[PDB]
Amino acid sequence: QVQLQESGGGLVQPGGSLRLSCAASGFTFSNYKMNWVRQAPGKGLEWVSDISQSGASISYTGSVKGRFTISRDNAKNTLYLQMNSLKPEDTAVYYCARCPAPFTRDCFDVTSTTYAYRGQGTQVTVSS
Amino acid sequence: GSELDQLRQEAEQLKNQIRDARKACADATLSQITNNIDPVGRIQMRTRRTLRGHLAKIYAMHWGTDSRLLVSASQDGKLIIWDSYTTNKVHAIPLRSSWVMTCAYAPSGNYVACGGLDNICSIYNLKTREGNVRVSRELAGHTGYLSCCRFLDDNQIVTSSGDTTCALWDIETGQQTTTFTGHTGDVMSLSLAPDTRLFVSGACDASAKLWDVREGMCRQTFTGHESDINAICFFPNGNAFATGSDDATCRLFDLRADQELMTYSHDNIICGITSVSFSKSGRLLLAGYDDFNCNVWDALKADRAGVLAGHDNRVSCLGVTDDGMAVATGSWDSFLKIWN
Amino acid sequence: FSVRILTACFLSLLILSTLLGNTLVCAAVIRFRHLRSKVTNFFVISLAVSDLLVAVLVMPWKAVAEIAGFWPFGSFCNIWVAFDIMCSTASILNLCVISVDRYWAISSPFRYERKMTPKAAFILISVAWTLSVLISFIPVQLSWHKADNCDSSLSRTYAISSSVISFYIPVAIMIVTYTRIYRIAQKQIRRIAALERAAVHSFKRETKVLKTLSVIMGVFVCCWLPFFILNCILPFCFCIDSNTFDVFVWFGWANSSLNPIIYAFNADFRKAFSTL
Amino acid sequence: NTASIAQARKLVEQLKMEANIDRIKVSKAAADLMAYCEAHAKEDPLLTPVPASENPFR
Amino acid sequence: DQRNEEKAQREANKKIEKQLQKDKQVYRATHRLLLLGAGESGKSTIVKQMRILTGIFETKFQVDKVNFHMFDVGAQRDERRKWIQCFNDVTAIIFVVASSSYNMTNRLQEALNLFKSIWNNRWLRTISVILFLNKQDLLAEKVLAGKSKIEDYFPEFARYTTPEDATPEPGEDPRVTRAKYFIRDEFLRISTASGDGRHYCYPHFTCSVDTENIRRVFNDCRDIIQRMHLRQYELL
Ligand SMILES: CC(C)CCC[C@@H](C)[C@H]1CC[C@H]2[C@@H]3CC=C4C[C@@H](O)CC[C@]4(C)[C@H]3CC[C@]12C
Ligand SMILES: Cc1cc(Oc2ncccc2OC(F)F)ccc1-c1c(C)c(=O)[nH]c(=O)n1C
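Residue numbers (the entry's author numbering), protein chains in the order written: chain N, 1 to 128; chain B, 1 to 340; chain R, 20 to 166, 184 to 237, 263 to 298, 306 to 344; chain G, 5 to 62; chain A, 11 to 63, 205 to 255, 263 to 394.
Below is the structure:
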């Protein structure tokens, strides 16, 4: 079973630090273009970050570009999202949406809810 | 309190118990008795009959019970019903929608199925007394792309659509007698068992859920895959079935075990599978990959018995006759190579 | 074969390379279907057929006559000249219709796909072939190549009328079509630059089209034109003798051997050549 | 939010109906599959090389 | 009999092949088109402004005797990893992108990711994209009102300026043109990051002028087939 369990998150201060530990078990983690997506309360699923199969094609969305930092661990089969300098708009449930097709630089994991290879969802919230 | 999280925890513990029950009956695997049967060798089949009548890429095909008349779908809006014995096109059905993804030949040869991104399963009459072919029934109840369908009989069929739900249709009335709901991802293919009592459908959630055509519910869920299960085919024994997904690995699940028995993987082939079919004996697993070559996987040793040349585009459709006489592989080059 | 052995081996390997290339193209367009079903590929098929013809019934006779000094089948000199023209001007017209098809596919691709159907491609191929027929066979039946030591340039009264409609008008149409192709390609390349360079914020790709045209058009010119200018000025006579004119004839025929490496060099043809 | 609760309920009932089944041993399943293969290989033209006598394709 | 049913089947196959050869001409004539977006990104205004045309499933238009098959996907599901593979022999993927919805969810980043998945696809890599930066009539004032800013969802805006090869609209504020060309170049970045040469993006700006929009599609598909044939002949 393709299961993704994102450890960490919670409620932190806006502008601090946060690290999500997405346990990627059930598939060859070193062959899928794992990425990060979030879902704010009242907002749809938006793409956050992305990393290649080996860690070269690293890309983030404009809202987290330079702030967040993704890092895949092919040895531990886990995907990390080092959040730095958080913002009030970071109130969202971050999912671990995975690239369905391996060995490809393409996937539509930015789709709406009921997505197959998506994380179970960690409630990453900030204070005000 | 916290119905969502509590129900998710109960679902997680139920999945853990199911996995433990699967591993409990998994003292051995299909590869543990690999020394009891002789190998099959590299049997490189040749193109006995080539079919070049399509204009666009061929997305789906299906064989008939007579093992002579085969149907094929292409994005040009034509449903060419070939004659594999003499290389002749019996009919060229003008499809309502150009882009189509499914094919299902009736077990009696009188009907045929169509459908695609139009979310409508177009049933056409073949042996009608009106001369040419026409729309025998318009099954329009799906909200997603009608990926695949299979003909149980001239009265009721089941279609795997892109709305995460399958549905047992009814050619007599035209409505879904029962809907097969439970797939988390859009369904990509389904196959009927030789007993025709229950069927399994492979979706894009790495979980080929087994359904019951009678009760309309999901019997079992096979979560052994990793990527979008694009193809599926029920083992000729009726208790097992293979699955072809995008993870470049084919897996043979068994209904009586609720788990995968053999994983047909190979490092030389990294492209996913969108075509899976079994021969008359089920020993050969015809697997049409995305590398423009169909791999004839051995269902008992997990090794390809020889890739198939010819096709230069992705083979998205492949099927063996009811007697295993020949396998007709159609790819995205508007060609169908019938291998034997 | 002491000093003539070099030219003998050169002609031998020339015939072998021509035959190999043409047979490979024919086998790729008759065994496979991704190189015969396309409309623009029918002209390449016809070119390869004309090349196989000039390699089987034009090149070997001229080669053995050159390496033997004499002329085999002396009574068949007129028939061999008929075959030589029928093959060479057919190859030239095939190159011309290939360039015309490419110009139609580059300038007005929609009009090309609507008007230049496979039926229209067959009509154009037949037009080129019957043009070669009227240029070669009919003038031979009337003996238009005179004014058994079959070594002559051409009758001045027929040479001007033949090399013009056979090469000069075809080579002019080819020049115009390839120049318009280069202009449209450089316009598309300017657009591609305005896209990619802006995405990053030109002439490296604008030189690739020039190089591939000098390989396609420039090689054909540098092969056939040095022979056809002589064919046009030799019956007019400082001209060159018939001995050295054979070198230019063979240089022109070298375009026939180079055609498989020029036009069948695309990836679609190379993929079938690798498996064959 | 009620859609998520409905999906969770459906998943729970599906997993419960899947759990209380008769999952036979993988050894017995492989034995049945290999027995079916051995019994149906004699009439399988794809597995064994079929001559052009009764094969209407070659 | 010996030649009774066989000859009938042969003549039926001959008639079917004749019909198929007749249909191949119009199939090569009707260049199929894929019209999609990032979700309510203004594709309905494109279907409305397309030959004034079973709901939103497929529309056909013809200009200069060149008919087209624009297949709208406004009725499918959100997951698009399978039905988008059916557009592998398609001519142009007309991507109607809401160029002013960068603040509303970040729909602009969603469209960027959709265009990236379409570009680097295994089947859509040989097909160009007619990028239709729709909702320009709203972008005309979205950047000045401050309700939707580029820097809130794109930090590269500060490191970006209007290109020298830009064609602004008569009467447009420099900031509007700067944001429009920034979106265009952000699409073109991942467009040209493939480096294959088999397909190139065709960025256009729609929904600002109510003229014939299918004329732009015609002029784009013309150059599309031009560059396709050039790559076939190794000329580009
Ligand atoms: C031998 C001497 C007399 C010259 C004869 C000309 C030969 C080489 C030419 C003339 C007409 C030509 C044919 C015209 C049309 C076609 C259809 C095309 O789909 C495949 C090639 C094919 C079948 C050509 C093969 C070569 C051909 C037969
Ligand atoms: C010199 C020559 C020219 C000729 O014409 C063309 N040749 C090639 C292509 C087009 C032609 O026609 C053009 F004018 F339009 C045909 C035969 C010969 C010839 C050769 C080659 C020879 O070796 N011995 C010999 O006697 N003759 C007469």
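All C-beta atoms, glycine included, are put in the ideal place defined by N, C-alpha and C.
Around the CB of B/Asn313, 16 or more other CB atoms lie within 10 Å, so the residue is classed as buried. Residues with their Cβ less than 7 Å from any non-hydrogen atom of ligand 1, running along the chain, are R/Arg55, R/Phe61, R/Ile64, R/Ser65, R/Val68, R/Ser69, R/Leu72, R/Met105, R/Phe141, R/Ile144, R/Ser145, R/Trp148. Counting along the chain, no beta strand (DSSP E) covers G/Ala43; the unbroken alpha helix (DSSP H) around it starts and ends at 30-44.
The Cβ atoms of B/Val90 and B/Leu117 do not sit closer than 8 Å to each other. By the Cβ neighbour-count rule, B/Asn36 is exposed, with fewer than 16 other Cβ atoms within 10 Å of its own.
When DSSP reads this structure, A/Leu270 sits in no beta bridge, so it has no partner. If you check the C-beta of R/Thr26 against ligand 2, you find no heavy atom less than 7 Å away. Remark: the shortest separation between the CB of R/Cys186 and any heavy atom of ligand 2 falls under 7 Å. At least one C-beta of chain B is nearer than 8 Å to the C-beta of R/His53.
Distance from the Cα of A/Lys34 is smallest, within the candidate group R/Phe203, R/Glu85, R/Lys138, for R/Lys138. Put simply, the CB of B/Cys204 is near chain N, with a gap under 8 Å to one of its CB atoms. Between A/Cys359 and A/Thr242, the gap from beta carbon to beta carbon reaches 8 Å or more. Residues of the segment 40-71 of chain B with a Cβ closer than 7 Å to any Cβ of chain R, in chain order: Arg52. Secondary structure at R/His53: coil, using DSSP grouped into helix, strand and coil. DSSP lists no bridge partner for B/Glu215.
Contacts between A/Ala226 and chain B, judged by CB atoms closer than 7 Å, involve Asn119 in chain order. Between N/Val126 and N/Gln13, the CB-CB gap stays under 8 Å. DSSP places B/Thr87 outside both helix and strand once states are collapsed to three, so it counts as coil. The criterion of a C-beta distance shorter than 8 Å is satisfied by B/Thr329 and B/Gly288. Among the residues of the segment 7-30 of chain G, those with a Cβ less than 9 Å away from any Cβ of chain B are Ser8, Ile9, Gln11, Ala12, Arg13, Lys14, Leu15, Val16, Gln18, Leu19, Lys20, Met21, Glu22, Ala23, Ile25, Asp26, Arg27, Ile28, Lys29, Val30, in the order of the chain. In the structure shown, R/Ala166 adopts coil according to DSSP, grouped into three states.
Setting aside the 5 residues that flank it on each side, R/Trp321 has no residue in the same chain whose C-beta is closer than 6 Å to its C-beta. In this structure, B/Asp186 and A/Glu230 form a Cβ contact; the two beta carbons are roughly 5 Å apart against a cut-off of 8 Å.
Any Cβ of chain A closer than 8 Å to the Cβ of B/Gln176 would place that residue at the interface, and such an atom is absent. When 7 Å is used as the limit between beta carbons, B/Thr243 is near no residue of chain G, the shortest such separation being about 15 Å. If you draw a straight line from the Cα of A/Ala18 to the Cα of B/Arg49, it comes to about 20 Å. Annotated as proximal: R/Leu291 and R/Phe313, with beta-carbon spacing under 8 Å. Its Cα nearest to that of R/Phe95, the residue R/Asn185 stands out among R/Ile86, R/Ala67, R/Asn185. Shown here, B/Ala167 sits in a strand according to DSSP, grouped into three states. Taking 8 Å as the cut-off between beta carbons, the residues of the segment 139-153 of chain B near chain A are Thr143, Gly144, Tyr145, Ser147, in sequence order. Contact annotation for A/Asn254 against chain B: no contact, minimum CB-CB distance about 30 Å [criterion: below 9 Å]. Considering only beta carbons, the part of the segment 296-312 of chain B lying closer than 8 Å to chain R consists of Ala309, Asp312, in chain order.
In the three-state reduction of the DSSP assignment, B/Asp76 falls in the coil class, being assigned neither a helical nor a strand state.
Contact annotation: A/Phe273 and A/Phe345 have beta-carbon atoms nearer than 8 Å.
Residues of chain A with a Cβ closer than 8 Å to the Cβ of R/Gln224 are, in chain order, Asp381, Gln384, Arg385, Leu388, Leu394.
For A/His387, the enclosing alpha helix (DSSP H) covers residues 371-390.
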